[PDB]
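Just the one chain here, the form deposited in one PDB entry, laid out as structure tokens.
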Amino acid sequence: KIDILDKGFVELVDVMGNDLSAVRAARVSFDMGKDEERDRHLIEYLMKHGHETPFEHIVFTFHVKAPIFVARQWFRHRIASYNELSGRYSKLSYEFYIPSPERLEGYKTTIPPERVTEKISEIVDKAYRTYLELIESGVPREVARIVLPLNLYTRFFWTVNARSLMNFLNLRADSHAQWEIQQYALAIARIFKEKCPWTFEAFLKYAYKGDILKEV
């Protein structure tokens, strides 16, 4: 479990396989016996020559807590499975992403960073109070919730194979992606590296297209 932003997290729930799962699929192997030099070279060969289907046989399930504006970017990754909390069927919790003053580093703002912080807190507080007043007046939850801002936290389970995960890292562990999702992608990368060190290193060396994971 890795903490992200002020109240977010990424947690690994389950994993199928490891580096050897890709090697075994690539060879269609009967062997369930590790030979680092040979297996590692095959992983590098596959990665450097674009043969990534074998990495689809490694699968992760994560539990993620993130603001809706981050989730909407994340859920654009179609080659994966999602299940998310419903604001139709339950009351949504009072939890919002409030950027730290540091979030505005490099931006000259005509009001102080601390005042930006508090103005965001103020509007989310008003919006949640309206949500609650609507709920408490008998407005159905599926309608009441529409006044809640995009920095509201949500949670989801994400099941994804290592190939689609690498695509996600190319796009999201990268400076062009929004900073907030970058932070999530760094945590995803860290877990991927822990479970699949040979694949991760080969990925970085041969296939990774982004500009942050080689710098951290």
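From 1 onward, residues are counted along the sequence shown. Shifts are known only where both forms have a C-alpha. What we label the rigid core is the largest C-alpha set whose atoms superpose within 1.5 Å from one form to the other.
One more form of this protein, deposited in another entry, exists but is not displayed; see below.
Trainee: After fitting the rigid core, tell me which of 91, 119, 72, 126 has its Cα displaced by at least 2 Å between this form and the one not shown.
Mentor: Per the superposition, the moving residue is 91.
Trainee: Shorter or longer C-alpha distance for residue 159 and residue 89 in the other form, given it differs from this form by 3 Å or more?
Mentor: So the answer is closer.
Trainee: Classify the change in Cα distance between residue 89 and residue 12 in the other form as closer or farther, relative to the shown form (magnitude of 3 Å or more).
Mentor: So the answer is closer.
Trainee: Moving stretches between this form and the one not shown on a rigid-core fit: which runs of at least three residues all have C-alpha shifts of 2 Å or more?
Mentor: Core-superposed, the single displaced stretch is 87-94.
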